[PDB]
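Part one of the assembly, not moved from where it sits:
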Amino acid sequence: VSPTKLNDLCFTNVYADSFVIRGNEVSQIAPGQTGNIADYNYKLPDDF
Amino acid sequence: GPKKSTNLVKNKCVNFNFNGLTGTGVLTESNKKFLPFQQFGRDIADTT
Amino acid sequence: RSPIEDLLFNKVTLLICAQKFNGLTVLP
């Protein structure tokens, strides 16, 4: 979704998940990633 | 989102936005016996 | 029309018309 177009759209399912991680771990939060955060802690779907 | 609702216009060609479903056409009333869980309507070739 | 022509017209059977609204037209 475009960052400036989330206002006018209607949304079916919304999920709000909240946690804290380290500075080198933020780039791992992405669809299809490797690493123990992405493999054993929190895995995003491939079509995210 | 926070958008203003508009009163019902009927039997005229009009752009319509029902819950983020953007389209263009004419609105009329029909005797389609929708079941209470049924929201949208479709036919041949999956057209709204 | 003769009875033969009436029988031939009734034998051949010619929502589907509303779905040809995406640039498709049938000329007479």
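Done, it's in. Residues are numbered from 1 along each chain as shown, chains lettered A, B, ... in the order given.

which residues touch residue B:48?
Applying CB atoms under 8 Å, 6 or more residues apart in numbering or on different chains, we find residue B:48 in contact with B:21, B:23, B:40-42. Just so you know, the C-beta spots here come from the backbone N, C-alpha and C atoms, and that holds for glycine as well.

Go through these and say which is closest to chain C.
Lowest distance from chain C to the contacts of residue B:48 (CB to the nearest CB) belongs to residue B:42, with 11.0 Å.

Flag every residue of chain A that's near chain B.
Contact residues (CB under 8 Å from any CB of the partner chain) of chain A with chain B: A:7-11.

Setting aside sequence neighbours, what's the nearest residue to residue A:9?
residue B:20 (5.5 Å; CB to CB, 6 or more residues apart in numbering or on different chains).

add chain D to the structure above, sequence below:
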Amino acid sequence: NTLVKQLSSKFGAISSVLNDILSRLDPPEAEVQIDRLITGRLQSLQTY
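One more piece, chain D, placed on the ones above:
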């Protein structure tokens, strides 16, 4: 009927609706999102 059914395909794009794609992203990659739809629909028309 096959032409009208084939009109509702994706051809490797994120959606099969032009208005849904156009109200979802910004132009500079919405154009490459819709170029695949263009290629598929020209191929379908030439086959027909």
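
so who does the residue of chain B at minimum distance from chain A touch?
The nearest approach of chain B to chain A comes at residue B:20, 3.1 Å away (CB to the nearest CB). Residue B:20 makes contacts with A:9-11, as judged by CB under 8 Å, 6+ apart.

could you show me where the helices are in chain A, in order?
In chain A, the segments counted as helices under DSSP state H are A:36.

interface residues of it facing chain D?
So far as CB under 8 Å from any CB goes, chain A lies against chain D at A:1-2, A:4-5, A:8-9.

Tell me which residue is most central in chain B.
Computing the C-alpha centroid of chain B and ranking residues by CA atoms, centre = their mean puts residue B:18 first, at 6.0 Å.
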